[PDB]
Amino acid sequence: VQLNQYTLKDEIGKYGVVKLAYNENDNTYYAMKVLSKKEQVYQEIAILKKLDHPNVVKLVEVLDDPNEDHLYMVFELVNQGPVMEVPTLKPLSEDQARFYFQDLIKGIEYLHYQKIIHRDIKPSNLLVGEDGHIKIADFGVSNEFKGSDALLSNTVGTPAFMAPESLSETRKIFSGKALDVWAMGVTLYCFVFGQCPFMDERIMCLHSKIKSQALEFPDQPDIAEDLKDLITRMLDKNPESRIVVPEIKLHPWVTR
């Protein structure tokens, strides 16, 4: 309940778990990510210490004790929590989705510029702050790359948001930026339909679906044709032809 200057409170999110924490001698609330030691965590920290943008969470301090089994990362609190939960019977309106998607674009553009591939973009990792804007959270599985892009081979992140080129049975190499774009696409889809476009309780089937099922649109809710086009481009199963962030930024539906 007490970590030096911090007073741990209830859980607000959940690898590991996040709790509301009160900072005495500062008299302010913070978000405390608590992890039980049971080098990735130090890569997350390294990545975070390098990020400063209004649409990305902000690491404030790390409490590591070789003696203690627990490790704590304190972040500035993004008070309103997840923009939405999936699934949900109450999707967002187009205008709401565009608003948030714009923040997501700004944040992703920044992360890619800083040579960071998030690898876990989804509605639940987009927290709404005091001013109503989104902040990308949970870099627990992100990668840092040198060069123009990342050349990856590992399969990490949330199943329903994984890109098809990362689900080969042969462990092939694939581009990193395109992975985030694909996840942004599944995310925009969730924004207005209230559920993922590819589902299956059997992992290997989901993989097959993500890789082979053609994108389908529920006739209800009804969405503008330009939005269906944007989503279709972001969910292009071929990485080489999938729309890139610079283009998304200038798409009719986004600038509309």
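Start at 1 and count along the sequence shown; that's the residue number. If you superpose the two forms and keep the largest set of C-alpha atoms that fall within 1.5 Å, you have the rigid core.
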task = Determine, for 67 to 75 and 99 to 107, which one has C-alphas that on average lie farther from this form in 9 other deposited structures of this protein; superpose on the rigid core first.
result = 67 to 75
inquiry  = Which segment is farther from the shown form on average in 9 other deposited structures of this protein after a rigid core fit, 21 to 29 or 229 to 237, going by CA atoms?
reply    = 21 to 29
message = So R202 and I203 are neighbours in the shown sequence, but is anything from the deposited sequence left out between them? Give the count as none, 1 to 3, 4 to 9, or 10 or more.
response = none
key: Deposited residues omitted from coordinates between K14 and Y15, as a class   = 1 to 3
query = If you average the CA temperature factors over each stretch, which comes out higher, 245 to 253 or 1 to 9?
reply = 1 to 9
request  = Give the stretch, out of 47 to 55 and 184 to 192, with the larger mean C-alpha temperature factor in the deposited entry.
outcome  = 47 to 55
task = Using the temperature factors in the entry, find which of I210, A31, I231, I223 has the highest value at its Cα atom.
result = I223
request  = Classify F139 as lowest, middle or highest third according to the C-alpha B-factor given in the PDB entry, relative to its own chain.
outcome  = middle
B-factor third for the C-alpha atom of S168 within its chain = highest
request  = Could you tell me which third, lowest, middle or highest, the C-alpha B-factor of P91 occupies within its chain?
outcome  = highest
message = Ranking the modelled residues of this chain by C-alpha B-factor as given in the entry, is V74 in the lowest, middle or highest third?
response = middle
Among modelled residues of the same chain, the CA temperature factor third for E130 = middle
